[PDB]
Structure formats: structure tokens, C-alpha cells
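J.: One structure follows; several queries about it will come next.
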Amino acid sequence: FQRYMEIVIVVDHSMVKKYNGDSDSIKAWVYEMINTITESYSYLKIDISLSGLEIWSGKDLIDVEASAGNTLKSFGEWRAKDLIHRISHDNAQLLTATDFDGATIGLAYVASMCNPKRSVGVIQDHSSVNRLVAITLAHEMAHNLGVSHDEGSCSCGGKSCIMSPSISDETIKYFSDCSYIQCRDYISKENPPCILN
Ligand SMILES: [Ca+2]
Ligand SMILES: [Zn+2]
């Protein structure tokens, strides 16, 4: 029943300029987010393993655009062309300081676990509160595992949970019962082999 997800976080150049080139500050920031999401996912019987953390200090390896949609596609393609031959992992997420146009702070492919160019997501480092950004990271990763937004009576001991269609500080860092169901149902039906090991 237990599944294991090997992940790689990719920090872009705008992120590096935002933290004034401070590599250790950026690592502390990402590590705390992983610590948070590891707990959220453990309740879904999925163990999160940080396989690697890549920081684009020199320059971006893809064109990061204001368009969240073009950025996700570029990142997924670079993942399949480059990253996968360097580090074995199951899913990769891009952390960027870019303000995407429209009301977009994150974007991911749906139900795409293990796919070379599609098991990826994109998230904007949108807040100074670490918990809120970590929640968005977990939210996009969940979209890769086939889960949809919470609605109606879905709950996590309160209604605003990770899969809420809007982020606020009233959002609890845990998944709702609906999220658990959809996620385990996807695992059941699609049984992505890369998260078995
Ligand atoms: Ca794996
Ligand atoms: Zn969403």
C-alpha cells in the first residue's frame, strides 16, 4: 500500500537574484518546505524522498516566461532531455520568483506520474510565509497524482485544505478526505510503476 516518491526541486535564476545569490539561504528555505510536505504526504501513505536540489546560479537552462503554460512545457521538456539522465527521480518541481500573468501562482500536468516530460509542476515563491509556498508545492504535486480541487463537504478537520481552489492563511497544511480518495484511487487504477520502489 505504501508508495515512495523521489523528487528533485529546481530553483531558477530569478530565485537566486531574489536571495542575493545566497545559496545556503535558498537551501534552508526549500528544506523547510520539504519537511512540511513530507508530513502532509505521509498521511496519504506516500513517502517523499528529496533526490536532489538543483540551483541555476549561472543562468536559467530554459526560458522562464510570464506565461505559466509555456514555462511548464519548457521545463517538462528540459527535464526529459537533460535532468533525467543526470538524476534518477519520479517527479520534478520548478521554484521561480517570476510573477506569472493572470491569477497564477502554480501550474501542473494532471495524472502524469512517471511521464518523462509531464511528471512536473511549476510554483511561484509567492510568500514570505514558508508554509503557504510549501502548500502550493504540495498542491501542484497532487495534481500530478490525479487529484482535483476540494468542493462541498470535503474536509481535513476544517474545510480549507491543501487542495482548496484558493490560498489564504486559513488553509491547513493537510489534505482533505476527498484528496486522499482521489489520490489512492489513481494509484489503484493507474499504478504508476515509478513510485513502487
Ligand atoms: Ca522512484
Ligand atoms: Zn489546483
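Following the order of the C-alpha cells, first chain is A, next is B, and so on, with residues numbered from 1 inside each chain and ligands from 1 in the order they appear.
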Taking only C-alpha atoms and all ligand atoms into account, which residues have an atom no farther than 12 Å from ligand 1? I'd like them as a list in words.
T.: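 Protein and nucleic-acid residues within 12 Å of ligand 1: residues 3, 4, 5, 6, 7, 8, 46, 47, 48, 49, 50, 51, 84, 87, 88, 89, 90, 91, 92, 113, 114, 115, 119, 192, 193, 194, 195, 196 and 197 of chain A.
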J.: Write a file of the selected residues as a tab-separated table (two decimals), in the first residue's frame, keeping N, CA and C atoms.
T.:
```tsv
chain	number	residue	atom	x	y	z
A	3	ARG	N	3.71	3.89	-0.93
A	3	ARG	CA	4.37	4.28	-2.19
A	3	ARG	C	5.52	5.25	-1.87
A	4	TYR	N	6.52	5.34	-2.74
A	4	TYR	CA	7.68	6.22	-2.49
A	4	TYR	C	7.88	7.14	-3.67
A	5	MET	N	7.95	8.44	-3.41
A	5	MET	CA	8.14	9.42	-4.48
A	5	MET	C	9.49	10.13	-4.37
A	6	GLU	N	10.36	9.90	-5.35
A	6	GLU	CA	11.70	10.52	-5.39
A	6	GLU	C	11.60	11.85	-6.12
A	7	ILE	N	11.82	12.96	-5.41
A	7	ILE	CA	11.67	14.28	-6.05
A	7	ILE	C	12.93	15.15	-6.14
A	8	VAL	N	12.95	16.01	-7.15
A	8	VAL	CA	14.03	16.95	-7.39
A	8	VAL	C	13.41	18.32	-7.48
A	46	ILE	N	2.32	8.01	1.28
A	46	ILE	CA	3.31	8.26	0.25
A	46	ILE	C	4.49	8.92	0.94
A	47	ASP	N	5.64	8.27	0.83
A	47	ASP	CA	6.88	8.77	1.42
A	47	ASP	C	7.59	9.66	0.38
A	48	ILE	N	7.96	10.86	0.81
A	48	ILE	CA	8.65	11.79	-0.04
A	48	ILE	C	10.14	11.69	0.23
A	49	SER	N	10.91	11.53	-0.84
A	49	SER	CA	12.37	11.47	-0.76
A	49	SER	C	13.01	12.58	-1.60
A	50	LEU	N	13.76	13.47	-0.97
A	50	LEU	CA	14.43	14.53	-1.74
A	50	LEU	C	15.64	13.91	-2.44
A	51	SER	N	15.52	13.63	-3.73
A	51	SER	CA	16.63	13.05	-4.51
A	51	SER	C	17.72	14.06	-4.84
A	84	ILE	N	16.70	14.03	-16.34
A	84	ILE	CA	16.52	12.60	-16.10
A	84	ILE	C	17.77	11.72	-16.32
A	87	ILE	N	20.02	12.63	-12.81
A	87	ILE	CA	19.48	12.17	-11.53
A	87	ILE	C	18.22	11.35	-11.70
A	88	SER	N	18.22	10.14	-11.15
A	88	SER	CA	17.05	9.28	-11.19
A	88	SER	C	16.06	9.81	-10.16
A	89	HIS	N	14.85	10.13	-10.62
A	89	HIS	CA	13.79	10.63	-9.74
A	89	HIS	C	12.45	10.41	-10.46
A	90	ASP	N	11.36	10.62	-9.73
A	90	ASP	CA	9.99	10.39	-10.21
A	90	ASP	C	9.19	11.61	-10.60
A	91	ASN	N	9.55	12.76	-10.06
A	91	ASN	CA	8.80	13.99	-10.31
A	91	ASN	C	9.74	15.18	-10.03
A	92	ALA	N	9.60	16.25	-10.79
A	92	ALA	CA	10.41	17.44	-10.57
A	92	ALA	C	9.54	18.70	-10.51
A	113	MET	N	2.17	11.04	-13.33
A	113	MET	CA	3.27	10.46	-12.57
A	113	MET	C	4.11	9.52	-13.44
A	114	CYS	N	5.43	9.68	-13.36
A	114	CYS	CA	6.39	8.87	-14.13
A	114	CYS	C	6.64	9.27	-15.60
A	115	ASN	N	5.78	10.10	-16.17
A	115	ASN	CA	5.96	10.54	-17.55
A	115	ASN	C	7.20	11.46	-17.61
A	119	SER	N	5.67	14.66	-15.65
A	119	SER	CA	5.63	14.48	-14.19
A	119	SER	C	6.37	15.70	-13.60
A	192	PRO	N	1.18	3.77	-11.20
A	192	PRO	CA	2.43	4.30	-11.77
A	192	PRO	C	3.57	3.49	-11.20
A	193	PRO	N	4.26	2.72	-12.02
A	193	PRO	CA	5.37	1.91	-11.51
A	193	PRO	C	6.55	2.65	-10.88
A	194	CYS	N	6.82	3.88	-11.30
A	194	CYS	CA	7.99	4.55	-10.73
A	194	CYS	C	7.93	4.86	-9.23
A	195	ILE	N	6.74	4.83	-8.65
A	195	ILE	CA	6.63	5.12	-7.22
A	195	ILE	C	6.42	3.87	-6.35
A	196	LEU	N	6.77	2.73	-6.92
A	196	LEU	CA	6.66	1.44	-6.25
A	196	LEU	C	7.95	1.15	-5.49
A	197	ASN	N	9.07	1.53	-6.07
A	197	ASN	CA	10.38	1.27	-5.48
A	197	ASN	C	10.77	2.16	-4.30
```
J.: Write out, as a tab-separated table, each residue of stretch 82-193 of chain A that has an atom at most 9 Å from stretch 22-35 of chain A, together with the closest pair of atoms and their distance in Å to one decimal, counting only C-alpha atoms, rows going by chain and rising number.
T.:
```
residue	atom	partner	partner_atom	distance
A:130	CA	A:33	CA	6.6
A:131	CA	A:33	CA	6.9
A:133	CA	A:33	CA	7.5
A:134	CA	A:33	CA	4.7
A:135	CA	A:33	CA	8.2
A:137	CA	A:33	CA	8.2
```
J.: Got a sec: who's within 10 Å of residue A:61, counting only C-alpha atoms, leaving out chain neighbours fewer than 4 positions off, as a PDB file with N, CA and C atoms, in the first residue's frame?
T.:
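Just written: part09.pdb:
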```
ATOM      1  N   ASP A  12      15.163  28.461  -9.966  1.00  0.00           N
ATOM      2  CA  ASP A  12      15.666  29.220 -11.095  1.00  0.00           C
ATOM      3  C   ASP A  12      16.529  30.433 -10.746  1.00  0.00           C
ATOM      4  N   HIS A  13      17.059  31.073 -11.775  1.00  0.00           N
ATOM      5  CA  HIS A  13      17.916  32.229 -11.605  1.00  0.00           C
ATOM      6  C   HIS A  13      17.228  33.441 -10.946  1.00  0.00           C
ATOM      7  N   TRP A  56      20.025  27.055 -10.301  1.00  0.00           N
ATOM      8  CA  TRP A  56      20.519  27.667 -11.527  1.00  0.00           C
ATOM      9  C   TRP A  56      21.218  29.003 -11.264  1.00  0.00           C
ATOM     10  N   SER A  74       8.128  24.101 -21.283  1.00  0.00           N
ATOM     11  CA  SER A  74       9.585  24.152 -21.469  1.00  0.00           C
ATOM     12  C   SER A  74      10.341  23.328 -20.428  1.00  0.00           C
ATOM     13  N   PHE A  75       9.926  23.466 -19.166  1.00  0.00           N
ATOM     14  CA  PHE A  75      10.550  22.782 -18.027  1.00  0.00           C
ATOM     15  C   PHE A  75      10.406  21.259 -18.165  1.00  0.00           C
ATOM     16  N   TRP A  78      12.809  20.091 -20.804  1.00  0.00           N
ATOM     17  CA  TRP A  78      14.205  20.146 -20.391  1.00  0.00           C
ATOM     18  C   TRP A  78      14.445  18.991 -19.415  1.00  0.00           C
ATOM     19  N   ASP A  82      17.470  16.596 -20.387  1.00  0.00           N
ATOM     20  CA  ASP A  82      18.659  16.749 -19.550  1.00  0.00           C
ATOM     21  C   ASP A  82      18.613  16.053 -18.193  1.00  0.00           C
TER      22      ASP A  82
END
```
J.: Around ligand 2, out to 8 Å and counting only C-alpha atoms and all ligand atoms, which residues are there? I want them as a PDB file with C-alpha atoms, in the first residue's frame.
T.:
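Once everything was written out, this is result07.pdb:
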```
ATOM      1  CA  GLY A 106       1.284  27.457  -9.697  1.00  0.00           C
ATOM      2  CA  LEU A 107       0.607  25.016 -12.535  1.00  0.00           C
ATOM      3  CA  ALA A 108       0.980  21.270 -13.171  1.00  0.00           C
ATOM      4  CA  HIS A 139      -0.892  21.218  -4.313  1.00  0.00           C
ATOM      5  CA  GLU A 140       0.813  21.017  -7.725  1.00  0.00           C
ATOM      6  CA  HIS A 143      -2.289  17.442  -9.456  1.00  0.00           C
ATOM      7  CA  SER A 148      -8.725  17.690  -8.188  1.00  0.00           C
ATOM      8  CA  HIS A 149      -9.812  20.682  -6.097  1.00  0.00           C
ATOM      9  CA  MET A 163      -6.482  21.292  -2.494  1.00  0.00           C
ATOM     10  CA  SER A 164      -8.542  24.428  -1.955  1.00  0.00           C
ATOM     11  CA  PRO A 165      -9.028  26.397  -5.219  1.00  0.00           C
TER      12      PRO A 165
END
```
J.: DSSP on the backbone, then: every residue of chain A marked helix (DSSP H, G or I), written as JSON, numbers by chain.
T.: {"A": [13, 14, 15, 16, 17, 18, 23, 24, 25, 26, 27, 28, 29, 30, 31, 32, 33, 34, 35, 36, 37, 38, 39, 40, 41, 42, 68, 69, 70, 71, 72, 73, 74, 75, 76, 77, 78, 79, 80, 81, 83, 84, 85, 130, 131, 132, 133, 134, 135, 136, 137, 138, 139, 140, 141, 142, 143, 144, 177, 178, 179, 180, 181, 182, 183, 184, 185, 186, 187, 188, 189, 190, 193, 194, 195]}
J.: For a quick check of understanding, using only C-alpha atoms, which of A:68, A:172, A:178, A:123 has the smallest distance to residue A:158?
T.: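 Checking each of A:68, A:172, A:178, A:123 against residue A:158, counting only C-alpha atoms, the winner is A:172.
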J.: Here is a test: counting only C-alpha atoms, which residue of A:118, A:1, A:166, A:17 is nearest to residue A:188?
T.: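 So, comparing all the options, the nearest one is A:1.
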J.: Ranking A:145, A:55, A:96, A:110 by minimum distance to residue A:125 and counting only C-alpha atoms, which one comes first?
T.: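 Once distances to residue A:125 are computed over only C-alpha atoms, the minimum belongs to A:96.
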J.: Residues of chain A in strand (DSSP E) according to DSSP, as number ranges by chain?
T.: A: 3-11, 46-55, 91-96, 106-108, 120-124
J.: Can you measure atom CA of residue A:58 to atom CA of residue A:117 for me? One decimal in Å is fine.
T.: 23.7 Å
J.: Measuring between only C-alpha atoms, which one of A:191, A:38, A:171, A:20 shows the shortest distance to residue A:141?
T.: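 Looking only at the distances to residue A:141, the closest residue turns out to be A:38.
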